[PDB]
Structures are given as C-alpha cells and as structure tokens.
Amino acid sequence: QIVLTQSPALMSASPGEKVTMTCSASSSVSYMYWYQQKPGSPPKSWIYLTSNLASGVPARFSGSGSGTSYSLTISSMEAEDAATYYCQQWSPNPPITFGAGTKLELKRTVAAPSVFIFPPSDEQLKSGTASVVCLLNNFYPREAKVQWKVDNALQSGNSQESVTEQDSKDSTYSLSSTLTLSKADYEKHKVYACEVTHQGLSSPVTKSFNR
C-alpha cells in the first residue's frame, strides 16, 4: 500500500525543452516503472526496473531515482510526447501501486477564443425542453470562464461544460457550455447572453440573442 504521489498534476512543455516529472513514494521501494498513455488507447510500457527503456521508447527518455524519489526525464520534448505518464512501484511486498499520472501538455502562445451562441432548435422546443449552447472555439490556455446570463441575471446550476483535448495541429482547446432549462422557464425570459472571460481577451466577450 505504498502511496505514489506524482507531480506536477499537469504541466506544459514546448518541443525542444527538458521535461522532468517526479514520482515520490510514501516508503522506500525496490523498483520503479513508467507507462505512457494517450487518449483512446491502452497504456504502453515506457520505463522498467527504475532505468531501462522498453521496446520502441526513444533515446530522449530516461528514468532514475531511489528510496522515496524517482523521476522520468525527456532530454528534449517532441510533439508526440504529449501524453499522461504514470509511475508504478515494485517491492517484495505484494500491492504494486501506481501514481495518479502527470498529463504532459504542449506549450504555445496565448490565444483568445472565438465565441458563438446557439438558440434552441425548433424540434427541441416541441419536446418541452430548451437548450442554449455556447461555443468557445480554439483558445489557449485551457482556463476559460463562462457566465450564462438571462435578462442580465446570472444563471447557475443549469449549465454543463465540456472541453476538447489539445489540438493535434494548433495545440488549442475548445469548450462548450450548454444551458438547459424547461420550455416554460425559457418563454418567461427574452435576452440570452453568454459571457466569456479569458487571458487572451482584454475584456470579457458577450455573444447574445433575443428569444
């Protein structure tokens, strides 16, 4: 039951930079393993027996450490090295344990989002339910704030957010916020605004429409 704490939780790196993620153990361990996982696919053995590279693992990767602190180092970041890296311990004791993983993202310039609002579809209005969607397209960094406002009044609890994985081409993320209220409450109001706050925006952007 050795607890492996991995840090940082997530980090960014521009190709060419030296990346180093740490795996600190709650007690001393005999060996340290590392796995590379990208979305949609099963993990891949990356480092075995504290310092050896698995089949396919390129030379830029290397792992070391002892006692309570082992590390995975990439001499010079590549674009394909954007993945989650999990560490895993072995010792004579039986529970081989894993780390929560360090997600390695790609660094890039700040980019303001493109905001678009979507009024409920006529088909869905017949169904007695109304969904206003707000799209935040191609932006960096991931942290973007979305405040729904109905007739200037801040809405809460009836919105759901979703963020895409970092783009393969431009390394930006997209976000969508979905405000879903009953047809009854939708007709009780006129102005539907979507307020976006970001690092790339000098002041918040508000895309809106009247019912």
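Each residue number is its position in the shown sequence, starting from 1.
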(message) Please compare 83-91 with 118-126 and name the stretch with the higher mean C-alpha B-factor in the deposited structure.
(response) 118-126
(request) Name the higher of the two by mean Cα B-factor in the PDB entry, 102-110 versus 127-135. (result) 127-135
(request) Would you mind checking which of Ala184, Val163, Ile47, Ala144 has the top Cα temperature factor in the PDB entry? (result) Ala184
(request) Just say lowest, middle or highest third for the CA B-factor of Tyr70 relative to the other modelled residues in its chain. (result) highest
(request) Please place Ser51 in the lowest, middle or highest third of its chain by C-alpha B factor as given in the entry. (result) middle
(message) Considering every modelled residue of the chain and its Cα B-factor in the PDB entry, is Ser168 in the lowest, middle or highest third?
(response) middle
(request) For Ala59, return the chain-relative third of its C-alpha B-factor as stated in the PDB record: lowest, middle or highest. (result) middle
(request) Taking the values exactly as deposited, rank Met32 by C-alpha B-factor within its chain and report the matching third: lowest, middle or highest. (result) middle
